[PDB]
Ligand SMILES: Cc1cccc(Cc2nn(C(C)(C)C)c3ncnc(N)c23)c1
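Heads up, the chain below is alone and in the form solved without the ligand; it's given as structure tokens.
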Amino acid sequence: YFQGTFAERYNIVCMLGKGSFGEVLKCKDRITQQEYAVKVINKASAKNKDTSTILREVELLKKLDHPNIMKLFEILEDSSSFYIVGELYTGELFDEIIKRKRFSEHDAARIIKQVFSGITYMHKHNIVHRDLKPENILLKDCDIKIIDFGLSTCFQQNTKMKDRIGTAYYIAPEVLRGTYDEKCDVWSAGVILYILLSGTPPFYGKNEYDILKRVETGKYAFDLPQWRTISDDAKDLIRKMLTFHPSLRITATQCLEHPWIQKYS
């Protein structure tokens, strides 16, 4: 059966559902018996032909630790695929957006502050998410955790129509032009924040193309009636986060410390 280091150490309990990188499985450790959420990633999805480089990125991620960052425990190999062993957790912030439609400034602030705390910590360690979306933020009582943080530089994601439209709402203009740094995570969080409050994308459209054209221009509005009774401070934050030029865009620490976040903390 020539099984890998994974099958000897773990055996799958059940399928958790399709993820952005492949199948997501619920696994038990064969010795300790603790349960983990394991992402099976086809080796062809590797972005770097030198596997050791990828094992090094992941190693750096394993050493990291923050309350709002999903823990990555280890990486294992088959002949065919990688296995990312991470935290088991139970729904997405996306599902909560559907349910509540909109969030009060107070409830939104508590949620996004935790998002900022996580981003800040990862950015201190030069790690950029690049694919921040409500689908990548998990919640139940109050606690948020950002998943797959840093994995997108190692592995290529699914890019079906459904994947591409979702990516399109949150992507920073520079990322389209072909470059990214930490500031693209602040843009993406800004779009999320805009959605938390209005229940509406800042950059909208009936298809992938139309959305991306509006992102490209960087033009958006606080014109919807829904914005009429939202605070100047909240609008200020979003303005600084959706600043066109990344160099002129506010940092993650500056988000964490904006007067709007402090008012509801």
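For clarity, a rigid core is taken as the largest C-alpha set superposing within 1.5 Å between two forms. Start at 1 and count along the sequence shown; that's the residue number.
Beyond the structure shown, there is the form solved in complex with the ligand, which is absent from this document and is the topic of what follows.
Contact with the ligand in the entry with it bound, judged as any non-hydrogen atom within 4.5 angstroms, is confined among 124-132, 169-177, 145-153, 103-111 to 145-153. Think of it this way: in the entry with it bound, the ligand has a heavy atom of just one of 211, 234, 196, 38 within 4.5 Å, and the residue is 38.
Using a 4.5 angstroms threshold between heavy atoms, residue 76 stays clear of the ligand in the entry with it bound. Of the heavy atoms in residue 72, some are within 4.5 Å of the ligand in the entry with it bound.
Residue 246 falls outside the set of residues with a heavy atom inside 4.5 Å of the ligand in the entry with it bound. Taking the partner from the other structure, the ligand in the entry with it bound has no heavy atom within 4.5 Å of any heavy atom of residue 250. The candidate spot formed by 94, 164 and 192 is out of contact with the ligand in the entry with it bound: none of the three has a heavy atom within 4.5 Å. Residues of 232-258 include none with a non-hydrogen atom no more than 4.5 angstroms from the ligand in the entry with it bound. Once the core is superposed between the shown form and the other one, every option in 80, 159, 126, 104 stays below 2 Å in C-alpha shift except 159.
Cα of residue 159 to Cα of residue 42: at least 3 Å shorter in the entry with it bound than in the shown structure. Cα-Cα spacing of residue 154 to residue 161 is reduced in the entry with it bound versus the present form (difference of at least 3 Å).
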